[PDB]
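All Cβ positions, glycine included, derive from the backbone under ideal geometry; neighbour counts span all protein chains shown. Derivation of every value follows stated rules applied to the coordinates shown; laboratory data play no part.
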Amino acid sequence: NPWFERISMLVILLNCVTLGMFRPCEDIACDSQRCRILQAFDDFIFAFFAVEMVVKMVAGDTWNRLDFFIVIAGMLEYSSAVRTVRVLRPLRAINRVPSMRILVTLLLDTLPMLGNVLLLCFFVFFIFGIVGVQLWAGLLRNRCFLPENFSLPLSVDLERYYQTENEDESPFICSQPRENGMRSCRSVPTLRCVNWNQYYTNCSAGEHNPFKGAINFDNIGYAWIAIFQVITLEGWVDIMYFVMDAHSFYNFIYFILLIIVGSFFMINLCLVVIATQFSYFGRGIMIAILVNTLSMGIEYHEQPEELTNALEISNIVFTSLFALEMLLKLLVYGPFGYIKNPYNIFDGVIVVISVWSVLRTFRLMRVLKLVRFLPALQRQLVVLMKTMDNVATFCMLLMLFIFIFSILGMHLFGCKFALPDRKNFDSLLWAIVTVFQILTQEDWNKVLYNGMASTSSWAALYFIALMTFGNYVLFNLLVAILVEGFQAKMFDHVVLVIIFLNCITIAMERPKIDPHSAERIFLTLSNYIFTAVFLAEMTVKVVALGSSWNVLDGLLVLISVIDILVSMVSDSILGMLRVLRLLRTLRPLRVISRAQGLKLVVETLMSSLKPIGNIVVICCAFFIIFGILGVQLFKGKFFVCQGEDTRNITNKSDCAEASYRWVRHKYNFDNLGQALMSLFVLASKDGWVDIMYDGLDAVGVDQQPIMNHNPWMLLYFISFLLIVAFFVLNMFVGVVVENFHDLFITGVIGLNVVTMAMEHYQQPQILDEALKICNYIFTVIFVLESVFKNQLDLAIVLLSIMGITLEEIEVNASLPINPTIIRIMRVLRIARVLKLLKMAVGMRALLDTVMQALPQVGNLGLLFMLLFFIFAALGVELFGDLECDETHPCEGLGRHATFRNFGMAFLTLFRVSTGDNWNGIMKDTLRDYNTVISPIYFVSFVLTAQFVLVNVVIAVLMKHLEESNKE
Ligand SMILES: CC(C)CCC[C@@H](C)[C@H]1CC[C@H]2[C@@H]3CC=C4C[C@@H](OC(=O)CCC(=O)O)CC[C@]4(C)[C@H]3CC[C@]12C
Ligand SMILES: CC(C)CCC[C@@H](C)[C@H]1CC[C@H]2[C@@H]3CC=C4C[C@@H](OC(=O)CCC(=O)O)CC[C@]4(C)[C@H]3CC[C@]12C
Ligand SMILES: *[C@@H]1O[C@H](CO)[C@@H](O)[C@H](O)[C@H]1NC(C)=O
Ligand SMILES: *[C@@H]1O[C@H](CO)[C@@H](O)[C@H](O)[C@H]1NC(C)=O
Ligand SMILES: *[C@@H]1O[C@H](CO)[C@@H](O)[C@H](O)[C@H]1NC(C)=O
Ligand SMILES: *[C@@H]1O[C@H](CO)[C@@H](O)[C@H](O)[C@H]1NC(C)=O
Ligand SMILES: *[C@@H]1O[C@H](CO)[C@@H](O)[C@H](O)[C@H]1NC(C)=O
Ligand SMILES: [Ca+2]
Ligand SMILES: [Ca+2]
């Protein structure tokens, strides 16, 4: 019936409210009358569904089966694992709503097309999963340990190793003597009496891993947690810094390789496979409305009374300048004819609100009336609005997914965590925020370590399944939108070898250079020579030829010439020279002009940029509106005072009595200039949570922040992320859519793969025997394949039969070789896994497609490297003297990431590019004339790195996409 449809959707949605209120802390029932009422509600719903199923047992087939399955579980449940099962109850609804029968059907129909991509992932997880366990097995456990003969006195109460101030986040991991770790022993700080830190010489294994028990490399189970965290690019750096302490500094290659293979090449390959499968008077008012809005953006905490008053007066004059047009438009036009054109209705509503807090805030709707004068924006907005219908279903589908997972997360770890941590799963409202948080991947791993250490280490499957299937229904969204769009002489070379030699001097520069040594003397008179050569080169092109690229080349030579004529005048200022040095780091840009392949790509990006250029203005407009709106809400609010106590304190007048310092948060909403930076850490999606917390804690202009003072401010930040993400998605879509217009042997190998995963840390003697004994078997069978007779297989066996020989020689043959030679050889048995590459015909076809499009990518890749060269060089100049001793604490920069070289400033620029804690880096370049420069350097780098990385993905998409079309 049409009315049989609503009896079901009444009791399915009645079910959710009985799941919505869980109150997990209050376990074992009988808490209140309401709890009993909720229990009573359950019986009615369960009784009704069984009866409904029976009516249908009197009479989508797949969907019908699912309803029966949930019902059977419910009956069994009535007869704590069973209790969590209830959550599935909400899934009955997918069949009920038609708009979801279809979407889900498509989702479920795409999985057999991701057969190949999934297969590729296993190779990546397995290959890097074993190389981790071969190398860093139980390496993380070690700590400085006493020399174990002498026991310290009872009175001192020291632990027995070196504990840091926070042993859960940053333990002190010493490096074994047989290894070369960065953090060697005896580097421990003097104790704050006798200093016991001077007696921590021995370094040996300890019971606990670095983050709770979670970050660890001593099973194949615990390696795949850490590989999954590197691939999701969240907190990946923390892992690499522990490896570099325990086992050398050359371990960075493993991580970089993992990231440009697992994290970029593979995660953005299941976007490619999933989408290739489908295939005069009015001109005066425009000046008036702009200067009204710009009149709003001049707030700024602590403005003088002469300015607040002027602004108030200004508002009054403007209102009459809009009212008397309304009066004019109500007299030169008729009253009925005024209403009919629909923008004239809206422009009169703003007048009535103006004449008559919320009203004060509302003034920001006055920019809206400007779209009556822009034809292009008017057309653009409608197109954007058209996509909402397609988007609404997925969002509706997404809501069910968050609800289910926020309900499930209450059952597993509801009241286990930690006062409790802010990201906790108890109260529902803070469970849906935590599940929305993991879907933006921002500190999803800080919740993992509370999750794994509270229930069990098998609780990573809750977070693997929330991140995977949350990101799988978000890749579909891009594709669904995307599909709809588809249905509507030698001179150049010779001078190039002078620039690449020019780069080496730029790279060489660092602040720790003596003014009189030979590194200094070489850099001064290589400046003279290069400038002269370039200067000579410039005339040749102008006495012969008598253009955009040339001016850039021309400007650079002039700047260099000017630099010498202030460097000569050094005796006779400093400020001009500093500006020149930064400008002098733009020398690398010359390379683009010389290379034709590279040159075309740079021009091409600009042309590609134009179609979505218009949308950017709309996106830009939103930042200003939320920038002004944001400023009004928290002008004096982000003043948090730091001390050791931070209790019994409410005011600046109280926090000065105890002598605690007052800290204005680095990211605050004081000006429109600061609010526009703090809305870039929100938009970036990194560190948005840590901004959001003090936006919820914000109380008053001179007050101390109260935790969770106003949880209604979640609407200011969560709603901002869902329209930044929406706008960014549209821009990506716009750019793409305009371009268009045996069987024994394999089994034997499989058996071998399982055996290599058997190894762990402190495996017993017999499994060390059996594993070794087993190897002697698989060595024989692969020779028996080369008897029975591809080039790689011959090479593969050679490594094997070589390995058995080396290991054996050491025990009873002769003097051993160095252990390092043996260890490398053991790893090289992983090459046997590559042979099953041949069996997978499908993976190779999918894989080659990337190669065909590789040449376009190569130019982009070259461009990406050039951009790190300019920024890295630039970075060293600005941030050379930042340091991190005990007197200067630093948040993002540290021992492993500094800007004091060109090498260390090249690794530091890589984790800004992946997006891991770059706001902690920008937070402490500010901590010491740097307030304007430092946000320009970190905002313009991120928007130009991510924009090159987008143009790679859409270039791999196009070549791959074209294959499907020919058929
Ligand atoms: C995003 C682009 C397209 C436009 C960016 C415009 C901003 C750079 C403008 C808008 C109004 C300006 C602000 C107007 C009021 C002042 C208060 C002023 O207060 C003080 O610091 C006084 C003491 C001192 O300056 O030393 C600081 C600069 C500031 C925030 C200005 C900073 C630059 C602002 C934010
Ligand atoms: C709209 C697109 C480009 C997304 C990114 C926009 C912003 C992230 C960009 C646009 C121009 C940038 C701003 C250019 C001028 C400066 C002024 C500067 O103002 C001050 O710090 C004055 C000192 C004080 O306020 O105390 C703060 C950074 C800021 C706002 C920059 C912050 C980052 C901005 C806002
Ligand atoms: C071991 O103990 C002896 C005394 O039995 C002591 O002389 C020696 O210093 C100790 N060694 C270490 C490394 O602590
Ligand atoms: C260091 O401590 C470990 C564990 O207590 C022990 O095995 C080792 O022999 C100690 N080394 C020295 C030199 O005492
Ligand atoms: C804070 O005040 C409470 C009473 O309001 C008191 O019990 C507590 O000792 C105070 N805390 C400190 C740091 O003294
Ligand atoms: C802050 O000072 C104390 C805080 O304990 C209190 O008297 C008052 O509420 C606040 N304002 C003052 C006193 O200036
Ligand atoms: C290796 O040889 C030595 C002497 O040649 C002998 O003592 C030892 O037992 C041999 N190893 C094994 C495992 O038999
Ligand atoms: Ca991230
Ligand atoms: Ca992060």
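With each label modelled as a point 7 angstrom along the Cα→C-beta vector, the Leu501-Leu767 pair spans 6.0 nm. Extent of segment 4-89 along its three principal axes (Cα atoms, max minus min coordinate, largest first): 43, 27, 18 Å.
Based on the Cα gyration tensor of segment 595-741, what are the three equivalent ellipsoid semi-axes, each the root of five times an eigenvalue, rounded to whole Å and given largest first?
Values: eigenvalues 346, 51, 28 Å².
Each semi-axis is √(5λ); the values are 42, 16, 12 Å.
Let me know the whole percent of all Cα-Cα pairs from the chain that are separated by more than 48 Å.
Working: 179737 of 467061 pairs.
More than 48 Å apart: 38 percent of the Cα pairs in the chain.
Let me know the volume per residue of the alpha-carbon convex hull for segment 115-269, in Å³. Mind dumping the intermediate values first?
Working: hull volume 17.2 nm³, N = 155.
Dividing the Cα hull volume of segment 115-269 by its residues yields 111 Å³.
Proximity of backbone amide H atoms, modeled 1.01 Å from N, is registered between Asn651 and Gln704 at under 5 Å, excluding neighbours fewer than 5 places apart on the same chain.
Extending 7 Å from Cα along the Cβ direction at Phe44 and again at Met758 yields two label points whose distance is 6.0 nm. Farthest towards the positive end of the charge dipole of segment 648-765, among the residues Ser653, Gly734, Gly687, is the Cα of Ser653, using unit charges on the Cβ of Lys, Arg, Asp and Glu. The average projected area of segment 386-483, computed from the convex hull of its Cα atoms over all directions, is 6.4 nm². For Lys772, a cut-off of 17 angstrom between C-alpha atoms picks up these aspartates and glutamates, skipping any fewer than 8 places away in its own chain: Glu759, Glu807, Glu808, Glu810. Do the sum for the chain: with -39,500 (n - 2.57) for every DSSP H run of n ≥ 4, divided by all residues, what is the mean residue ellipticity at 222 nm, to the nearest 500 deg cm²/dmol? After summing the helix terms and dividing by residue count, I get -21000 deg cm²/dmol.
Summing +1 for each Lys or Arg and -1 for each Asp or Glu, what net charge is found among the other residues whose Cβ lies under 14 Å from the Cβ of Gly894? Please list the in-between numbers first.
Working: positive: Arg183, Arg895, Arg900, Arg911, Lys923, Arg927; negative: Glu169, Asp238, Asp245, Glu883, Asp885, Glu886, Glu891, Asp916, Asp924.
That sum, taken over residues with Cβ under 14 Å, equals -3.
Quick one, what does Rg over Rh come out to for segment 304-394 if you take C-alpha atoms and the Kirkwood Rh?
Details: Rg = 17.1 Å, Rh = 15.8 Å.
Using only Cα positions, Rg/Rh for segment 304-394 is 1.08.
The fewest-to-most ranking of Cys655, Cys620, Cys503 by surrounding Cβ atoms within 10 Å reads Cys620, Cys503, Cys655. For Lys56, the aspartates and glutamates whose Cα falls under 19 Å of its own Cα, not counting residues fewer than eight places away in the same chain, are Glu5, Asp67. Relative to a virtual label point 7 Å from the Cα of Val748 in the Cα→beta-carbon direction, which members of segment 761-781 show backbone nitrogen distances below 14 Å? Within reach of a label on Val748, which here means backbone N under 14 Å from a point 7 Å along Cα→Cβ, segment 761-781 contributes 775-781.
Over 20 Å, how big is the tail of the calculated P(r) for segment 454-523, in percent of all Cα pairs? Result for the distance tail: 70 percent.
Taking 7 Å steps out from each Cα toward its Cβ at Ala795 and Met53 produces label points 5.8 nm apart.
Excluding same-chain residues fewer than 8 positions from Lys541, which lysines have a Cα within less than 26 Å of its Cα? Cα-Cα hits under 26 Å: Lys489, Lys599. Residues of segment 223-261 falling in the label zone of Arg823, defined by backbone nitrogen less than 18 Å from a point 7 Å along Cα to beta-carbon, are 240-255.
Normalised by the residues of segment 853-913, what does the relative contact order come to in percent, with Cα pairs under 8 Å and at least six apart? Relative CO of segment 853-913 lands at 34 percent.
Principal axis analysis of the Cα atoms in segment 743-838 yields extents of 38, 26, 19 Å, listed in decreasing size. Within the shell defined by Cβ-Cβ distances under 15 Å, the residues around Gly414 carry a net charge of 0, with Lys and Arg each +1 and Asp and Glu each -1. Please list, ordered by chain and number, the residues whose modelled amide H lies under 5 Å from the amide H of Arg143; skip anything fewer than 5 residues away on the same chain. HN-HN under 5 Å from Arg143: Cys174, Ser204, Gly206.
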